[PDB]
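What follows is a single chain, given as structure tokens, in the form deposited in one PDB entry.
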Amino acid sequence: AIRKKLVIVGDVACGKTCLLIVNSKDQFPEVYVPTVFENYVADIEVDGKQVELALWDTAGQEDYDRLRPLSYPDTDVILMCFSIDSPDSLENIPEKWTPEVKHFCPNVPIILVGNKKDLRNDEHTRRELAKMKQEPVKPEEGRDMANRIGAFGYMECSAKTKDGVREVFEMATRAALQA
């Protein structure tokens, strides 16, 4: 079996841990975990190709800026996340996440992921953003950002509804295998 390491980064609350936890065989309600603390492994076949992806979660706060790089050694693919209900989280993609990842993970492919796709048409989300004269991120904005940062691809998903989640991890596996 081919062994690859994946790291997920992005602002706190943008859905990183939930995205990884969709893959987990075992589930544990009413426990909030800042990061996946167990050795969670994704088993993905890509055209008769048994690949095991170790999934590494990260803490996005500024307080962890000096310890977060402990997660980066020997990474094979990055999931770089923002959330579609948070224009601020997209702004931090070029300003914080891209230079940090390119520095610690040189030449490692980046999948840019827009999380919480279910919230784009959600009435409450629309109202909360609208009161500050904001709106959910549009797909064209994610595509434009993937171009600016040189990402391998841009994909949208919802850990809540599960839409797009498979594609994220299958594309991350395809990315990890090119090197």
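Note that residue numbering begins at 1 and tracks the sequence as displayed.
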Look over 168-176 and 3-11 in the entry and identify the one with the greater average Cα temperature factor.
168-176
72-80 set against 98-106, stretch whose average Cα temperature factor tops the other in the entry:
98-106
Please pick out which of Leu119, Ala146, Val41, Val113 has the largest Cα B-factor as recorded in the entry.
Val41
Among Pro29, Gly60, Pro34, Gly142, where is the Cα temperature factor highest, going by the PDB entry?
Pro29
State the tercile, meaning the lowest, middle or highest third, of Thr161 with respect to the CA B-factors recorded for its chain.
middle
Test of reading the entry: by CA B factor among the chain's modelled residues, which third contains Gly150?
highest
Lowest, middle or highest third - CA B-factor, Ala54:
middle
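As for the form deposited with a small molecule bound, it is not shown, yet the points below apply to it.
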Does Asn147 reach the small molecule in the bound PDB entry if we count a contact as any heavy atom within 4.5 Å?
yes
Could you tell me if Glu128 has a non-hydrogen atom within 4.5 Å of the small molecule in the bound PDB entry?
no
Would you classify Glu91 as touching the small molecule in the bound PDB entry, given a 4.5 Å non-hydrogen atom cut-off?
no
